[PDB]
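Single-structure report; data block below.
Protein chains: 4
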Amino acid sequence: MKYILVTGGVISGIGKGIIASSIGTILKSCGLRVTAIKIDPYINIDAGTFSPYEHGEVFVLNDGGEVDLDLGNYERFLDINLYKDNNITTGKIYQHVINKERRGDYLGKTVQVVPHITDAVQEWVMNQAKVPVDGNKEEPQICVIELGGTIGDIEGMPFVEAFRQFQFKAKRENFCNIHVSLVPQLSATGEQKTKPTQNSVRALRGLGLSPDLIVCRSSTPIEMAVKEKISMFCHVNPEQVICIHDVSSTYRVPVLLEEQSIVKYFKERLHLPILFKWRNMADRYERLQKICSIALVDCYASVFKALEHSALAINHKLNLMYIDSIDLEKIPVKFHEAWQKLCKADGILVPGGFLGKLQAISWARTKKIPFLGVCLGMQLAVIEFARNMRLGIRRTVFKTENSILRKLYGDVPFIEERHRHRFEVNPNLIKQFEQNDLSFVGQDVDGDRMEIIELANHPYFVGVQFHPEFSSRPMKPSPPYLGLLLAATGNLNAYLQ
Amino acid sequence: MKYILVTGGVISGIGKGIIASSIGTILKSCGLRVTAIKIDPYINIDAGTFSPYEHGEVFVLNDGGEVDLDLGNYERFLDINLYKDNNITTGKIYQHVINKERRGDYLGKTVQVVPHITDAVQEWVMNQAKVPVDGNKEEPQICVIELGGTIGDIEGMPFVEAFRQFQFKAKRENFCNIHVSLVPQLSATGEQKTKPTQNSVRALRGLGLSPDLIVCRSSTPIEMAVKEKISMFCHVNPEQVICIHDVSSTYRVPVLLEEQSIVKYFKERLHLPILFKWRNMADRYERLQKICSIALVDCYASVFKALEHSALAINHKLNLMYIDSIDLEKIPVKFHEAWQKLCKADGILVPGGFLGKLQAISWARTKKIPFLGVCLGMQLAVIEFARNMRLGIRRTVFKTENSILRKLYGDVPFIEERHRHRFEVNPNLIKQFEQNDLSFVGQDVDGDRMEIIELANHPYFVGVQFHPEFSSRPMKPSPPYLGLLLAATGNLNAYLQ
Amino acid sequence: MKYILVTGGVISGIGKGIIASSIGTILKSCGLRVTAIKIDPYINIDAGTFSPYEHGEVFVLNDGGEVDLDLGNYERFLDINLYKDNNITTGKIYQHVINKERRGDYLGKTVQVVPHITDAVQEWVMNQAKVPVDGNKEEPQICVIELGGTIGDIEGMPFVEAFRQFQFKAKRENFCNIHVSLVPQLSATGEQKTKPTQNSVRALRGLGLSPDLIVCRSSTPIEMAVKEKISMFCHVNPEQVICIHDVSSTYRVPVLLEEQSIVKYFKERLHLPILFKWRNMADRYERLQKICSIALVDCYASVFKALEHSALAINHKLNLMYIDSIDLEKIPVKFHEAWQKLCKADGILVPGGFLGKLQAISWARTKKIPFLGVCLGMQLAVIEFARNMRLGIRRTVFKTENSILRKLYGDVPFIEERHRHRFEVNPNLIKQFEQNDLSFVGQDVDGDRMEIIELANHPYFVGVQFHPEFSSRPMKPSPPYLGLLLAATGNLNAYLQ
Amino acid sequence: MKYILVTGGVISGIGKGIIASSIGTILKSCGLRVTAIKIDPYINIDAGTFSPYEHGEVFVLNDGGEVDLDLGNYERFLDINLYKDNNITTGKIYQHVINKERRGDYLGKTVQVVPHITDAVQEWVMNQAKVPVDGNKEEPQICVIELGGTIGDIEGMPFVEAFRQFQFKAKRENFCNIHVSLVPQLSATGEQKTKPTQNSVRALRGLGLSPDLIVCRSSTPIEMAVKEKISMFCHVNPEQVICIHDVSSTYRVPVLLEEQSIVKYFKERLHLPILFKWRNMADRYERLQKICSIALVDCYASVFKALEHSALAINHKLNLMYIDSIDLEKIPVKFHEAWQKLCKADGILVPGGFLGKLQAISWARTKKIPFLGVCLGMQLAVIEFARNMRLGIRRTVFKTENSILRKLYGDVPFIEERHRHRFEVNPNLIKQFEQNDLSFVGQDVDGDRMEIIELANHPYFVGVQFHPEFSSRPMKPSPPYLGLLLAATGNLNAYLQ
Ligand SMILES: CC(C)(C(=O)Nc1ccc(-c2cncc(C(F)(F)F)n2)cn1)c1csc(NS(=O)(=O)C2CC2)n1
Ligand SMILES: NC(=O)CC[C@H](N)C(=O)O
Ligand SMILES: NC(=O)CC[C@H](N)C(=O)O
Ligand SMILES: [Mg+2]
Ligand SMILES: [Mg+2]
Ligand SMILES: [Mg+2]
Ligand SMILES: [Mg+2]
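Written out as structure tokens, the structure is:
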């Protein structure tokens with residue numbers, strides 16, 4: 001296969017995953033079948049071990065893998081369905097080698113990091129690159145590998161050593177390395193400094209990989225004198241020093257890379273047989296004037319992106335105002356902030372988790393303000409109506460054609476969406492609710508779990524057990540989120556017509 | 001506790017384990033309770049995964065741990081009984097952290113090498129240092145930690161980072177580092193080169209540990225000009241540059257270290273409240296003239319050491335001539356080497372394993393030459409008499460007082476020795492042999508396994524199921540090995556009188 | 001002596017020289033005699049080799065040394081008079097060792113970087129620290145050594161190796177290291193990243209120096225979670241992690257360091273027997296409302319600082335608008356910018372160099393707007409009146460008591476100021492001017508060079524051959540600059556009364 | 001041009017200069033014009049600064065350059081005449097850049113190691129490679145550059161950075177790197193260790209150069225398992241792992257390299273349009296039985319080599335027994356060693372320097393034992409007969460045809476040989492000697508200095524002012540040395556016939 005490693009320098013928050021995902025959609029626009037692998041040098045096996053504050057949200061894959069939000073960036077940019085083994089971690093590879101050792105698979109030889117851990121990385125990358133990750137069963141052409149962390153962190157040392165070897169245990173026609181690095185810009189002088197990028201490239205080149213492209217991330221576009229220092233000290237041509245400055249949106253990052261001519265580089269280097284929409288979406292995003300103010304009651315990064323996809327599609331600006339449920343709760352300055360936000364809420368969003381959510385539900389229910397409840401927001405909705448693990452892709456069957464979500468999903472009798480919940484509605488008690496305004500509208504194939512609710516005597520009050528955020532992509536807004544913004548702007552009855 | 005790290009430079013075969021074990025017996029001669037821990041940066045969990053060619057023999061511990069022969073060096077020098085967790089490996093620590101992660105013991109935080117793997121090393125070292133490893137239940141005073149590998153190998157990087165932190169997460173009064181390094185001596189010029197030791201100390205000091213002692217291993221004693229270069233370039237006083245040259249025996253290495261005044265250094269540095284036998288044994292070893300030629304039919315390092323302990327005790331030189339059983343086998352130049360060695364064999368030794381052993385057994389049996397069979401050498405002896448896992452410490456009961464091994468072990472009704480076998484003698488068939496010359500003399504407490512055989516109509520033909528090698532120490536020769544050399548020299552009937 | 005090394009991490013523009021100069025004035029406020037040495041790892045011998053665009057202005061010392069502007073920061077903060085050998089460079093030290101080699105001073109031994117270049121650094125630092133650099137002939141107590149560059153640049157490697165050795169070839173009571181490092185703050189998230197500081201401290205600690213204080217430079221004050229990561233990963237206590245954020249002025253940086261308690265650290269560590284004005288000047292600077300707009304017709315950093323000292327003393331804000339003389343020149352958008360700036364010029368400043381300066385002189389002369397000409401601005405003033448190396452400290456004698464500059468300098472018959480010029484006024488032609496409005500008012504002791512001019516029929520049009528900028532300090536504004544701001548605000552005749 | 005860098009790993013005494021010189025004579029046997037440059041990272045400018053104990057003898061070049069003996073190895077192997085600038089040193093390059101800086105040749109830019117010192121290395125290497133260093137005025141085809149020191153020493157860091165850049169600022173067709181490294185062989189086990197070579201290649205590859213050949217120096221030929229570890233861990237094919245073991249002679253080292261097929265590698269890699284004598288000389292050397300015992304009364315490495323060239327040519331073994339003149343002196352165990360050696364002296368050799381030499385002269389003179397005096401040995405000979448700087452190539456004119464040295468040099472009226480002396484014979488006093496047995500036979504063209512003496516009433520007692528050692532090569536023995544061995548074996552009168 002053809003392989004593109006993306007390494008990071010100086011600091012991890014430079015957006016390497018957006019760059020890597022951007023080059024993947026560039027290559028896809030050039031007609032290529034692109035895979036992605038993310039290396040996360042953490043010793044954790046799956047992101048289910050994390051808090052939402054640590055690594056952002058737990059993105060959920062079709063196979064039930066729990067991963068950090070950057071596999072959602074590859075899914076959203078490439079329109080791809082990743083498997084749990086497209087995330088490589090140090091825990092996953094060390095445990096693999098330890099298990100092989102105990103099985104005698106290393107034939108009584110001493111197991112050690114080089115070669116055995118480095119071979120495990122190569123074995124895994126070669127095979128997961130070949131996985132059909134598009135819906136097309138045809139073997140991929142390119143694999144973009146993001147090496148997470150910063151080159152020079154101790155946890156990354158097996159992977160760069162593996163990738164050093166992988167140059168030679170392949171061809172230069174088949175492997176290149178992108179180094180993404182911070183070019184810090186000083187306050188008082190405006191001066192862009194190249195020293196961290198030079199030092200990071202020196203470290204990377206000391207690990208036996210050379211930058212084939214250097215991607216500068218900078219606050220402002222870099223000056224030619226700055227690009228000249230980088231091309232001289234990092235021993236790469238000026239045409240191989242790319243600048244991605246702070247832009248308006250992720251839609252503009254692929255467009256910017258065409259305007260740095262990366263396709264000519266990848267054609268020449270990787271010997272490749274080679282956007283519109285990203286321009287259009289960027290150009291639209293920069294012109295969004297009509298505010299839709301929604302109350303959310312990187313912890314919710316797919317939720318925010320799903321709303322922005324929906325907002326863009328209806329040519330509105332999202333104003334996502336985040337409210338803690340403890341602010342709305344009876345426990351008082353932040354109460355008069357939170358409830359004031361909840362007054363100017365055109366829609367209420369109660370996402371998942373593991379108290380004032382119930383008050384926001386009551387507010388939305390009573391005042392007839394548009395509501396989307398996801399996972400816990402469905403369960404709390406059922407609960408508060410009464411007062412007044449299941450992991451990965453599953454089929455949800457609609458119990459009727461008289462469903463607003465069914466119209467938004469395109470009249471289909473069932474949907475396949477991603478789940479992540481341990482708790483569900485009691486099958487014996489459903490007959491308390493069916494008599495009244497809260498219809499249970501979607502169920503599993505087993506008929507035990509109700510998985511969608513709709514409140515009938517309301518513009519749009521829906522609850523879903525699945526996370527339809529993980530299915531959201533710019534080209535196809537997540538229908539439960541689209542319905543929320545359509546309802547909040549009154550356009551729902553025009554769309555459903 | 002007080003801690004002594006022993007790091008290695010340039011190459012691992014410099015004898016760091018003998019140096020570390022030597023300083024342990026020095027400190028023990030100074031009256032201190034000494035523990036040992038060995039770090040082996042391999043990803044293997046236990047040495048049962050190894051061939052005998054890889055890491056030498058599998059030493060067996062009382063608890064059934066399978067470890068490399070260097071935990072036998074700490075056992076033999078200190079008269080200590082190590083536990084399986086006095087061996088630290090990368091596999092054992094990474095699996096520990098992975099298991100803690102999956103249990104949620106890191107409270108949703110990202111697990112990473114620093115701190116979490118480095119803390120696991122510190123946690124383990126602090127607690128295993130406190131283990132009563134002598135028979136005395138009193139908590140130890142010093143722990144000698146040998147860091148296996150060479151400082152600068154990638155697998156060693158978590159451990160040196162842990163030990164860097166461990167300086168500061170302790171006191172300088174409680175931690176020091178010994179660096180053992182090759183001083184190569186060139187052929188043509190006789191010139192001793194200090195450059196590898198300087199470069200290795202620069203690497204070690206780049207990992208945030210400084211040599212408190214530098215132990216030069218050299219072929220010849222080092223010149224003062226060589227010691228001056230090391231003390232200048234490695235930034236350590238001349239009194240802290242120790243030379244251990246190629247000596248006669250391991251008995252001389254502690255004695256040499258007194259003659260480099262290390263006790264004064266450890267008294268001053270570690271604030272310690274502070282040999283004869285090692286001199287005596289060294290002085291004896293250098294005067295061994297009477298050859299006992301024994302045929303063995312680092313793969314057998316405890317076997318060789320057990321014979322040398324026995325040889326020294328009877329003031330004989332061992333000539334251990336190693337013969338492959340395939341040389342003795344019918345499959351022919353090496354046949355006339357092997358059988359010629361077997362002709363001048365004063366004793367035959369058939370150690371354990373997993379064909380010409382049977383011929384050597386037949387030879388020894390028929391010609392009435394002294395025989396010791398260990399594990400497989402007992403099983404093949406039973407088999408060839410007929411023609412003509449159980450792991451760690453177990454109690455073997457003697458079935459009679461009429462046992463030669465029972466006299467050698469001191470008339471005791473049972474012995475406790477170390478086992479490592481999956482196969483044993485059939486309890487139904489023992490009644491074929493008891494009628495004849497092959498007595499089954501030792502059994503387990505269960506009475507199912509016969510564990511010792513003695514052939515009655517022979518000077519000394521014994522078979523044992525245990526490995527009594529692992530019990531051998533210079534002060535107390537292993538009785539089955541002592542019996543072999545006593546028999547082979549005719550001194551048996553004088554000893555047993 | 002007591003020594004404080006100040007090392008830099010990530011990027012050089014973090015202000016290490018202001019931090020180092022700030023701790024020097026802190027220690028001086030604590031009553032200590034402080035020296036400064038600046039190491040510049042460039043191979044250049046003196047800054048006379050530089051353009052003004054490269055390293056900023058060439059600061060001139062009393063002995064005629066040409067140095068970068070950071071020796072002016074030590075002069076301005078400490079009220080000190082540095083010698084040319086308080087600047088150490090790689091060129092100065094390598095040439096020293098090469099010269100010693102050729103003289104046989106190394107006694108036929110091979111000269112090499114360690115030890116001989118590292119010893120040369122130590123020799124130089126020990127002796128220049130002892131230099132009376134105050135006017136007091138008493139030997140100094142502390143020496144602040146700024147190591148220029150970033151730790152990990154190849155040119156800095158001799159100096160950090162020297163300073164590693166210098167810890168041990170001294171006492172910990174007598175040496176400490178401050179590491180100044182960038183904590184980059186990301187745009188989108190507001191997130192302060194500690195990774196470069198951790199990596200830079202790892203590099204510094206790999207060169208055998210540990211941070212005794214870590215000084216974070218950040219745009220905003222750092223959060224406690226950020227300070228905790230630094231104190232954990234850089235293995236230093238929280239009290240040793242200092243934050244200097246972007247402040248109003250250099251006057252506030254010493255004041256901030258008291259509010260980080262550095263005096264307690266230096267008392268404890270360096271065993272020291274231990282501001283008001285800096286608070287007052289900072290507090291004043293933040294309240295400057297009255298604008299004095301001056302046209303200047312880091313290239314002029316002492317000029318700008320001299321104006322700011324003058325501005326602060328008269329409680330005005332300086333608006334220094336910089337105009338290129340080529341903009342004012344007949345060669351046209353920038354002409355209407357430049358001449359528009361020159362219209363709102365309350366004073367014209369024509370500093371030194373090596379064309380529209382003559383037009384600005386004519387403008388100021390004719391319209392009677394306050395003028396200060398320095399070096400070339402005196403020579404061009406003489407020239408344009410007619411139309412209508449001498450290096451370091453020299454004595455200039457006033458030819459009369461009827462001098463405005465003589466009143467501003469305190470009625471004294473001569474002044475001693477710093478010179479840097481190859482050209483001077485023709486002694487035969489002076490009699491053309493003395494007849495008219497342009498008096499030559501200051502001369503050298505030789506009587507050949509006129510060194511000050513004053514135009515009599517004007518509020519304030521003075522020219523000086525010396526650079527009185529280099530003499531400017533916050534406590535004592537440079538009288539030619541003070542006169543300019545006093546004239547420009549009309550306060551001159553109140554001051555001279 | 002084509003360039004071959006030769007780097008060293010682990011320790012400098014591995015013989016890199018003999019390897020580099022050997023590949024140069026291989027390429028010369030393939031018909032190529034070969035240059036050599038030696039980089040010595042010492043800060044010394046010329047070896048005239050050294051003692052003879054430090055870097056061995058001072059080799060003298062035709063232009064009067066004073067250099068270490070390794071430029072004599074390139075002269076002897078290639079039959080080449082090196083210039084003083086074929087030795088590059090850190091002193092020579094830093095002084096060059098400092099001088100350029102002071103001249104303004106860097107146009108006011110900050111001079112720093114990268115680029116300016118690294119460019120100076122490249123500039124120098126490119127131009128000195130083009131120097132006609134053979135007598136043929138045609139521009140060379142290959143330049144062998146030995147980088148002295150060990151890769152990873154701090155002084156070598158500018159040169160490896162220059163050579164990293166030089167790969168890219170050339171072509172792979174035009175540059176390759178040979179890494180020479182110690183494979184230490186342990187005493188007790190016979191085990192050859194690859195770890196230092198792996199670590200040294202990791203350091204070298206961290207400086208951005210990869211081994212194109214790895215030359216193992218080992219005591220014994222390396223095993224295939226050892227070559228496999230090196231080829232795996234150093235990421236080079238088995239055919240690129242060369243072993244040079246301890247051999248009989250330098251004559252065998254080129255022959256060994258053909259038997260490792262290096263010409264096939266250099267043909268393929270450097271795109272080259274491509282021994283007998285070295286085999287013959289090696290084969291002869293191994294069969295030398297007839298001892299010629301000569302008393303010498312790396313300090314004298316060209317002297318020893320000149321004797322060995324002479325010995326080989328007359329098919330004798332040299333037994334060069336070295337005697338200190340202080341042993342022969344009246345100041351007594353070593354007296355009876357020294358004079359005993361002087362009794363079995365078939366020839367006396369008194370080489371140059373700066379007391380018992382006079383006694384050895386008297387001994388040789390009186391007993392009529394063959395004598396060669398060089399420089400000081402001529403001056404002391406003149407002196408002791410009476411009792412009983449001029450640097451580089453100079454023309455010496457023979458005063459007569461009646462000269463034994465003139466016959467040995469081939470009847471020529473003058474010779475051109477290399478000089479290094481400050482003292483000479485007094486022109487007024489020569490008329491004391493000419494009357495008697497000591498003829499002055501060679502003079503300079505000036506007629507002031509007598510430069511050769513011959514004692515007439517003796518088999519062979521010659522003194523020369525020049526060092527004819529530096530002219531010695533295996534193909535053409537130095538005639539004054541050849542005469543000594545011919546005289547000492549009685550073959551002189553057969554040769555001179
Ligand atoms: C939330 C929003 C509106 C967005 O653009 N935010 C934003 C804005 C700017 C940048 C940015 C600025 N400069 C540089 C770089 C980098 F590239 F260098 F890092 N990034 C990053 N994220 C959005 C809608 S859809 C989406 N993401 S998404 O669903 O994956 C879809 C793309 C496939 N985000
Ligand atoms: N210092 C300056 O401004 C230099 C002025 C002028 N070029 C001279 O040499 O006198
Ligand atoms: N080269 C030498 O042997 C030197 C000889 C003597 N010291 C001189 O200067 O002439
Ligand atoms: Mg810069
Ligand atoms: Mg040396
Ligand atoms: Mg972080
Ligand atoms: Mg090995």
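Chains as they are written, first to last, in PDB author numbering: chain E, 1 to 274, 282 to 304, 312 to 345, 351 to 373, 379 to 412, 448 to 556; chain B, 1 to 274, 282 to 304, 312 to 345, 351 to 373, 379 to 412, 448 to 556; chain C, 1 to 274, 282 to 304, 312 to 345, 351 to 373, 379 to 412, 448 to 556; chain A, 1 to 274, 282 to 304, 312 to 345, 351 to 373, 379 to 412, 448 to 556. A virtual CB, placed ideally from N, CA and C, is assigned to each residue, including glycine.
Best match in the options for proximity to residue i [C-alpha to C-alpha]
{"i": "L32/B", "options": "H271/B, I43/B, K169/B", "result": "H271/B"}
{"i": "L82/B", "options": "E223/B, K490/B, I452/B", "result": "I452/B"}
Evaluate the contact criterion for the stretch 257-272 of chain A versus the stretch 235-245 of chain A: three or more CB pairs, one atom per stretch, below 8 Å. yes
Please list the residues of the stretch 526-537 of chain E that have a C-beta atom closer than 7 Å to any C-beta atom in chain B, keeping them in chain order. none
Using 8 Å as the threshold, is the stretch 122-140 of chain E in touch with the stretch 176-194 of chain C, meaning 3 or more CB pairs across them? Contact between the stretch 122-140 of chain E and the stretch 176-194 of chain C is absent, because fewer than three Cβ pairs lie under 8 Å.
Along the stretch 185-209 of chain B, where does the CB come closer than 8 Å to a CB of chain A? Name the residues. Here the close residues are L186, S187, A188, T189, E191, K193, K195, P196, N199.
Can you list, in chain order, the residues of the stretch 233-247 of chain B whose Cβ is nearer than 9 Å to any Cβ on chain A? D246
Counting only Cβ-Cβ distances shorter than 7 Å, please list the residues of the stretch 48-61 of chain B near chain E, keeping chain order. Shown in chain order are the members of the stretch 48-61 of chain B whose Cβ falls below 7 Å from a Cβ of chain E: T49, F50, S51, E54, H55.
Say whether the stretch 387-403 of chain C touches the stretch 2-12 of chain A, bearing in mind that this needs 3 or more beta-carbon pairs closer than 8 Å, one atom from each stretch. no
Can you list the residues near ligand 2, meaning Cβ strictly closer than 6 Å to any non-hydrogen atom, in the order they appear in the chain? Near ligand 2, meaning a Cβ closer than 6 Å to any of its heavy atoms, lie the following residues in chain order: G371/C, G372/C, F373/C, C399/C, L400/C, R479/C, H480/C, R481/C, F482/C.
Would you check if there are 3 or more beta carbon pairs closer than 8 Å linking the stretch 205-222 of chain B to the stretch 161-178 of chain B? yes
So, does the stretch 353-367 of chain A touch the stretch 537-553 of chain A, judging by three or more C-beta pairs under 8 Å? yes
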